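Trainee: need a 3D model of the following:
(one chain, ligands or ions: 1)
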Amino acid sequence: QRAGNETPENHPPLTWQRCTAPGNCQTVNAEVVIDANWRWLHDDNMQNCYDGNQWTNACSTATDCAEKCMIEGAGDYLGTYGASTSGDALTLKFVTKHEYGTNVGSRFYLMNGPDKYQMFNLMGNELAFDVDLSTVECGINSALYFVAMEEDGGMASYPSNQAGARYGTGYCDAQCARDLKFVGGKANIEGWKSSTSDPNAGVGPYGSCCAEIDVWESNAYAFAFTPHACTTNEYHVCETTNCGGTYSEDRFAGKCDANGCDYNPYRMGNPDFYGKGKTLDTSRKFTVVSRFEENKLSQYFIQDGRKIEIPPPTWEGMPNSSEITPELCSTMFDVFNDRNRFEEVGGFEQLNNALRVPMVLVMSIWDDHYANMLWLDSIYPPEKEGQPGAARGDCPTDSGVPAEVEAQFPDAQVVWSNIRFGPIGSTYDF
Ligand SMILES: OC[C@H]1O[C@@H](O[C@H]2[C@H](O)[C@@H](O)[C@H](O)O[C@@H]2CO)[C@H](O)[C@@H](O)[C@@H]1O
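Mentor: Numbers count the residues shown, from 1 in each chain. Below is the structure in question.
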């Protein structure tokens, strides 16, 4: 797709630091840019090509659409999509209300200049950030994470995209981003499945699939640490009944892991750990360092100056420890007694490879039309309840329903700041 001209793109300037030693870091003045989907698409006569949750007759196919339409810059980033930037701190507004419309959710990428993404090496390193999801409630998910995107964002691999990463094109992830309006640079118009309750979203024949390290999924009531691998951690387009995750007829029919190996302290049996007023009090800001090593991923907290470890899981059969090693991803599923997606795509070895795939970092907020975040913060799946890993959060099984959550908690906001990176031991001396 071509780049628009009715509205210049201006990336909000964000700082993060490259460390070598624990208190040996500095100033990298990168930037951020919201995803392609959140962006105006129209031709040269300025009729839309996307309206509501339907492509226009201003278009027609996967290909011609890419020629004749152009995506635009986002105007203001606060009045339109509630994106707030200041120094290191990056803030996101659940529900932005603006004179012309009402946006819910945003998903960004830390950058490297306005033309590329700040790519991260993962294997042998650890991330740090300070988050205050104090006002993030059930049904919401405030997300920080990596996904093996392409640097220039598909502009190169996919010439048709001549707007690329500069305009936050190229998102992929272990579901396969069926809902985006471009994949590989040729549209999803060809039979776009619209959502009955998401007037702006939809689904299209192709996905965009790749490595998805889910450092941060959460709210003020729970959190999960989720690495997911695929049989092609490298960015790739799938095909229709051969796309996975949640936008599809069969979740597990992808070349990737839709669920993966997840560590949620509440799901592993510790309902006293996380929350407002809990041990790891979620009524404010803390730091959450996460750790990537050969067959091991560690996550730890920093709050009120203190080292909070993450408690191990209670259940019989599970290893005596919180880390995400092959060990955990051998028993949790057989106890949680579910389809071991992880295993079938080729276990922790595959995850190893993926931990060498250079990926892009994202911060974001969104509601869950398909399962209203219950997977993250309630009892999921309902079907029964009372079973190991059934309960993930303290949040009622009522919550999530985007409309209700969107209407009642609209000042909802998450703040990402003080992102710190470098080899293990380098970002905090813990
Ligand atoms: O629901 C989408 C969500 O799935 C997450 O894995 C879930 C999964 O939804 C459910 O089928 C399984 O039984 O439980 C796991 C634990 O939540 C996945 O981790 C997310 O990436 C995804 O958005």
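Trainee: drop to CA atoms for contacts and neighbour counts, all remaining ones
Mentor: Will do.
Trainee: which residues touch the residue of the stretch 201-350 of the chain found nearest the ligand?
Mentor: Distances between the stretch 201-350 of the chain and the ligand by CA to the nearest ligand atom are smallest at residue 259, namely 3.6 Å. By CA atoms under 8 Å, 6 or more residues apart in numbering, the contact set of residue 259 is 228, 245, 341-342.
Trainee: neighbour count and secondary structure added to these, as TSV?
Mentor: TSV is the format used below for the contacts of residue 259 (neighbours: other CA atoms under 10 Å; DSSP: H, G, I helix; E, B strand; the rest coil):
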residue	neighbour count	secondary structure
228	29	strand
245	24	coil
341	21	helix
342	25	helix
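Trainee: what segments of the stretch 151-300 of the chain are strands?
Mentor: 193-194, 202-203, 212-219, 222-228, 274-275, 280-281, 285-293, 296-303 (DSSP state E, counting those that start in this stretch).
Trainee: right, so of those, which gets closest to residue 367?
Mentor: Of all the strands of the stretch 151-300 of the chain, it is strand 212-219 that lies closest to residue 367, at 11.4 Å by CA to CA.
Trainee: name the helices or strands packed onto that closest one?
Mentor: Using 3 or more CA pairs under 8 Å, 6 or more residues apart in numbering; DSSP states H and E, the elements in contact with strand 212-219 are strand 140-147, strand 222-228, helix 374-377.
Trainee: distance to residue 163 added to these, as a markdown table?
Mentor: Converted to a markdown table, these look like this (distance: least, CA to CA, whole Å):
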| stretch | distance to residue 163 |
| --- | --- |
| strand 140-147 | 20 |
| strand 222-228 | 29 |
| helix 374-377 | 35 |
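Trainee: can you list these in TSV and add distance to the ligand?
Mentor: Listed next are these as TSV, based on distance: least, CA to the nearest ligand atom, whole Å:
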stretch	distance to the ligand
strand 140-147	9
strand 222-228	6
helix 374-377	4
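Trainee: in the protein, which residue is most central in space?
Mentor: residue 143 (5.2 Å; CA atoms, centre = their mean).
Trainee: and the gap between residue 10 and the ligand?
Mentor: Residue 10 sits at a distance of 30 Å from the ligand (criterion: CA to the nearest ligand atom, to the nearest Å).
Trainee: with adjacent residues omitted, what lies nearest to that residue?
Mentor: Excluding its sequence neighbours, the residue lying closest to residue 10 (CA to CA, 6 or more residues apart in numbering) is residue 73, at 7.2 Å.
Trainee: swap in residue 54?
Mentor: Nearest to residue 54 is residue 194, by CA to CA, 6+ apart, at 7.0 Å.
Trainee: okay, now that neighbour: neighbour count?
Mentor: By other CA atoms under 10 Å, 18 other residues sit near residue 194.
Trainee: residues in contact with it?
Mentor: Contacts of residue 194 by CA under 8 Å, 6+ apart are 53-54, 201-203.
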